[PDB]
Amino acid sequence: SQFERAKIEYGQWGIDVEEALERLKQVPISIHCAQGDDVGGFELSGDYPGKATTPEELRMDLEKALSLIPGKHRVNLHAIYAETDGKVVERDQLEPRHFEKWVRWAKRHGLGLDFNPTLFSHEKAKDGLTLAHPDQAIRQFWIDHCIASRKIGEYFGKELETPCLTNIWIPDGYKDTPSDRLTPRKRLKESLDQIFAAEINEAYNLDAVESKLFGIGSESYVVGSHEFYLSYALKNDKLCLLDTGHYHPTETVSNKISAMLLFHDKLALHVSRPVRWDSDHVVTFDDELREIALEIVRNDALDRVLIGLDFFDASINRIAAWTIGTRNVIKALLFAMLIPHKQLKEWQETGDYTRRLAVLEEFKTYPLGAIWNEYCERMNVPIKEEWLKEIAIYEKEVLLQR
């Protein structure tokens, strides 16, 4: 009845809530694994306690998170989460077999997997240059790692019968002012053209490139910038990936979505909260998230934007992290599904800016919670703060064994 009352209110505007709920149920969010062991990894190498120690602990943790999150979703894996045996394999030598257990586990749970080559925390990545390193030998090693990484995506997609997105992000740049911006960039372009040389069926693997404005130790210059990647990706029929953390002060991904859809057709984004740097805070139901959802739903792009999460806070419960974050992007999608686009578009189309504002503003007090809650039941997940209870139980008996 609570629900039922909410349903009518949306009804008056022609919003079909059941339809919205039915399409929402479908959309997959790709959850990053890094959150669970604090970017550790199993590659032979103070904060909130009981992070995962092993892939077995790591997988357990995801299932728990996943069981608190409505819908059916995906795990975004990194090259360093390889299960070599006890045998240490160098990164340019990674192969599908290194990911059997991951894949087998994903299939059992009916999940999709996404991949990323890992281009940091490594002997050959300490100069802060990787694909753009002045040393041929270093570039190859990294080129080979990415090529390897692409085949692993291909393995994933074949197996999971849903295309893997393999995304390249590199830490490349310099700390202080560079005396030359162009040539590293030329080295990066050449390196990529190599990485992407062999074709793979777009049914199994998709390729993305990710820019960053600045990082720690790359304050002043980043090789693979926005304009760089936007252009590169455009020439070579690849996907851009946009991180809500990697741009200028005041700069929004929401504003970029619709321009990008006119020329690209598929588009990847990682949502994370910047708090004044690519800080990787847990995603929150804020204005920019709402504006991103709005843009996604309105531009009829629920199958063209591959939503991924990217965030790392070690100060708080790692399961709560995943679940807060993921539950936020879904709520946001939902809110954007429950909005009168047609009346709103036709009002801006005809100059009535007055009601466009009034109504965008009024829907902020409509009963999202009554639909949000109903949805959570229908989807077998705890309904409000109830989900904290499961975390508490879980942390006690297992999270706090190790």
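The first residue of the shown sequence is 1; numbering continues from there.
Peer 1: Counting only residues from the deposited sequence, how many are left out of the model between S45 and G46 (none, 1 to 3, 4 to 9, 10 or more)?
Peer 2: The entry leaves 10 or more residues without coordinates here.
Peer 1: Using only the Cα atoms and their B-factors as the entry lists them, report which of 320-328 and 213-221 averages higher.
Peer 2: Comparing averages over the C-alpha atoms only gives 213-221.
Peer 1: Look up the CA B-factors in the entry and say which stretch, 139-147 or 308-316, has the higher mean.
Peer 2: Looking at the recorded C-alpha B-factors, 308-316 comes out higher on average.
Peer 1: Report the option among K186, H226, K124, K238 whose CA atom has the maximum B-factor in the deposited record.
Peer 2: Going by the entry's C-alpha B-factors, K124 comes out highest.
Peer 1: Which third of the chain does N373 land in by C-alpha B-factor: lowest, middle or highest?
Peer 2: It falls in the bottom third of the chain.
Peer 1: Comparing against every modelled residue in the chain, figure out the third that the C-alpha B-factor of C33 lands in (lowest, middle or highest).
Peer 2: It belongs to the highest third of the chain when residues are ordered by C-alpha B-factor.
Peer 1: How does the C-alpha B factor of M337 compare with the rest of the chain: lowest, middle or highest third?
Peer 2: Its C-alpha B-factor belongs to the lowest third of this chain's values.
Peer 1: Place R290 in the lowest, middle or highest third of its chain's C-alpha B-factors, as listed in the PDB entry.
Peer 2: Bottom third by C-alpha B-factor.
Peer 1: Sort the modelled residues of this chain by their C-alpha B factor and say whether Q93 lands in the lowest, middle or highest third.
Peer 2: Tercile = highest for this residue's CA B-factor.
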